[PDB]
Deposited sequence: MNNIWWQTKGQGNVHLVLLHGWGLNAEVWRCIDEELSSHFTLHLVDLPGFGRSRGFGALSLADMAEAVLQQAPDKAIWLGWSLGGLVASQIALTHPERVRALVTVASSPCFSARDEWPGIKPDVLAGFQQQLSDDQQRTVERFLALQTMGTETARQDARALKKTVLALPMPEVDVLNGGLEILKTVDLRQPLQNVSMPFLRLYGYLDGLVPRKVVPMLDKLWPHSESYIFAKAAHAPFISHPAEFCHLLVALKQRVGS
């Protein structure tokens, strides 16, 4: 089944979804504070962490598996790949979503024609290298996430500790997750989401280039927030700022 921990007893539910290669233990830097304001749901995405009853999934199948165990209504927060899962839930079941919050996530992680992102051939490269050495490949993709910040080394250490605290995901899970990132393109459908839609970014993010942010035009109902001194993990580098933004959001949703 999916590994799912609930903490806190607040009137507003908040579901946190982690990024590729990680698990819900990445949230332990903010979970005490957030559980004082929310009923907090910490999830291992299907195939990751302790949710080991899955292989490769489509984004739609991943999101359906997550939704099965969720509360009726919640703020949905997704980091990186998690952001795509939350976005897919908001698109399919908007009545379950009080607000959509994406963190360091793109609607289309791959660079296309006139769209900034990661070269698809780069992701396809990582996919192949999983079968040579899955550890090293996961640690490479992961160590890209904190570069350039004042706390870069300590934050990378903290990520690595997360991945290493639980058994490694099977290689098909990892490969499937990279396939989601490489091919999914939610740019057009997220124009139609109507609940509060908050997009958080790190200025220094090497995976989601800050160029994409001024999505402000494509999605005029959405709102964006750039952490000046953060990379791809702003809740790790800037946890107090991050938590405060979620507390301010609570005011804008019903109970």
Regions left out of the model, expressed as runs of the deposited sequence counted from 1: 1 to 2, 217
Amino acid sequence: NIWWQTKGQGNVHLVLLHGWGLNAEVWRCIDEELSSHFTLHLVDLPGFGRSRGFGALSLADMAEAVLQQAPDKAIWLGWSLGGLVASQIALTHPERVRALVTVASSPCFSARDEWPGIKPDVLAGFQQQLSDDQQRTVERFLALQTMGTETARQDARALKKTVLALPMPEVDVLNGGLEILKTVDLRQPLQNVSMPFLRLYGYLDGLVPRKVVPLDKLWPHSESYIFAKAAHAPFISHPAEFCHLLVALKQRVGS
From here on, numbers count along this sequence of modelled residues.
87 to 95 or 119 to 127, whichever carries the higher mean Cα B-factor: 119 to 127
Given 66 to 74 and 182 to 190, the range whose Cα B-factors average higher in the PDB entry: 66 to 74
Cα B factor band for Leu81 (lowest, middle or highest third within the chain): middle
Third of chain Cα B-factors occupied by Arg28: highest
Position of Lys217 among the chain's modelled residues by C-alpha B-factor, lowest, middle or highest third: highest
Entry-reported Cα temperature factor of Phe54, expressed as the chain third it lands in: highest
Among modelled residues of the same chain, the CA temperature factor third for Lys160: lowest
